[PDB]
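*Asks:* Structure incoming, see below.
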Amino acid sequence: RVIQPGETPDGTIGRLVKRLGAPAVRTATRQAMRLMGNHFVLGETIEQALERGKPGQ
Amino acid sequence: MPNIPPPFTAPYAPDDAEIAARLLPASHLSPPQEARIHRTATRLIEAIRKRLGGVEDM
């Protein structure tokens with residue numbers, strides 16, 4: 001979409017942005033991405049998760 | 001050309017309330033002034049909260 005400026009910060013993310021600022025939220029989101037990528041083996045279906053978590057090891 | 005001022009000798013510890021009585025009204029700012037301040041300051045703090053920092057962080 002196209003984000004209009006001056007939008008009232010609502011929602012869990014908006015409230016987070018009002019509290020920490022948008023740059024910190026981005027930094028917090030990137031850290032969540034390293035956590036989600038390193039510590040969970042995930043997919044849309046179980047076949048995708050299992051393929052992803054593969055290691056003749 | 002004006003006179004060299006006398007040696008500085010203001011009262012050492014006047015009453016805070018009398019000072020506040022002059023400072024409080026005079027600090028007033030119009031809504032658009034406060035709005036610019038609010039925006040500028042919010043942006044500065046957002047940048048602060050984005051490195052490897054200072055003593056305070058340690």
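We label chains A, B, ... in the order they appear in the structure tokens, count residues from 1 in each chain, and number ligands from 1 in the order shown.
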Up to 10 Å from chain A, what residues of chain B turn up? Count only C-alpha atoms and give them as a count of residues only.
*Replies:* 9
*Asks:* To test your reading of the structure, identify every residue in chain A that backbone DSSP assigns to helix (DSSP H, G or I), and report it as a PyMOL selection string.
*Replies:* chain A and resi 11-20+22-39+46-52
*Asks:* Could you please take those selected residues and save C-alpha atoms as a PDB file, in the first residue's frame?
*Replies:*
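Generated output (result-v1.pdb):
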ATOM      1  CA  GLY A  11      -1.994  -1.585  17.588  1.00  0.00           C
ATOM      2  CA  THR A  12       0.717  -3.579  19.297  1.00  0.00           C
ATOM      3  CA  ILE A  13       3.298  -2.295  16.831  1.00  0.00           C
ATOM      4  CA  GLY A  14       2.072   1.303  16.901  1.00  0.00           C
ATOM      5  CA  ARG A  15       2.141   1.356  20.692  1.00  0.00           C
ATOM      6  CA  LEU A  16       5.602  -0.180  20.579  1.00  0.00           C
ATOM      7  CA  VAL A  17       6.712   2.520  18.114  1.00  0.00           C
ATOM      8  CA  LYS A  18       5.335   5.347  20.284  1.00  0.00           C
ATOM      9  CA  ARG A  19       7.237   3.890  23.245  1.00  0.00           C
ATOM     10  CA  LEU A  20      10.625   2.912  21.747  1.00  0.00           C
ATOM     11  CA  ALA A  22      10.410   3.201  14.966  1.00  0.00           C
ATOM     12  CA  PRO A  23      14.164   2.586  14.639  1.00  0.00           C
ATOM     13  CA  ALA A  24      14.296   0.452  17.792  1.00  0.00           C
ATOM     14  CA  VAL A  25      11.240  -1.539  16.687  1.00  0.00           C
ATOM     15  CA  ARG A  26      13.018  -2.375  13.414  1.00  0.00           C
ATOM     16  CA  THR A  27      16.065  -3.420  15.386  1.00  0.00           C
ATOM     17  CA  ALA A  28      13.873  -5.499  17.711  1.00  0.00           C
ATOM     18  CA  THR A  29      12.168  -7.093  14.636  1.00  0.00           C
ATOM     19  CA  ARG A  30      15.526  -8.083  13.075  1.00  0.00           C
ATOM     20  CA  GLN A  31      16.560  -9.744  16.366  1.00  0.00           C
ATOM     21  CA  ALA A  32      13.240 -11.593  16.405  1.00  0.00           C
ATOM     22  CA  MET A  33      14.131 -12.706  12.863  1.00  0.00           C
ATOM     23  CA  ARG A  34      17.444 -14.217  14.001  1.00  0.00           C
ATOM     24  CA  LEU A  35      15.604 -15.918  16.829  1.00  0.00           C
ATOM     25  CA  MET A  36      12.849 -17.288  14.579  1.00  0.00           C
ATOM     26  CA  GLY A  37      15.341 -18.357  11.925  1.00  0.00           C
ATOM     27  CA  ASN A  38      17.837 -20.057  14.275  1.00  0.00           C
ATOM     28  CA  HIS A  39      15.653 -21.597  16.963  1.00  0.00           C
ATOM     29  CA  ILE A  46       5.288 -30.286   7.734  1.00  0.00           C
ATOM     30  CA  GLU A  47       7.151 -31.378   4.544  1.00  0.00           C
ATOM     31  CA  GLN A  48       8.624 -27.874   4.224  1.00  0.00           C
ATOM     32  CA  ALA A  49       9.687 -27.768   7.901  1.00  0.00           C
ATOM     33  CA  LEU A  50      11.264 -31.223   7.670  1.00  0.00           C
ATOM     34  CA  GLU A  51      13.127 -30.372   4.466  1.00  0.00           C
ATOM     35  CA  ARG A  52      14.405 -27.219   6.137  1.00  0.00           C
TER      36      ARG A  52
END
*Asks:* Between CA of residue 8 (chain A) and CA of residue 39 (chain B), what is the distance, to one decimal in Å?
*Replies:*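 Computed distance, CA of residue 8 (chain A) to CA of residue 39 (chain B), equals 13.5 Å.
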*Asks:* Could you state the separation of CA of residue 22 (chain B) and CA of residue 5 (chain B) in Å, given to one decimal place?
*Replies:* 25.0 Å
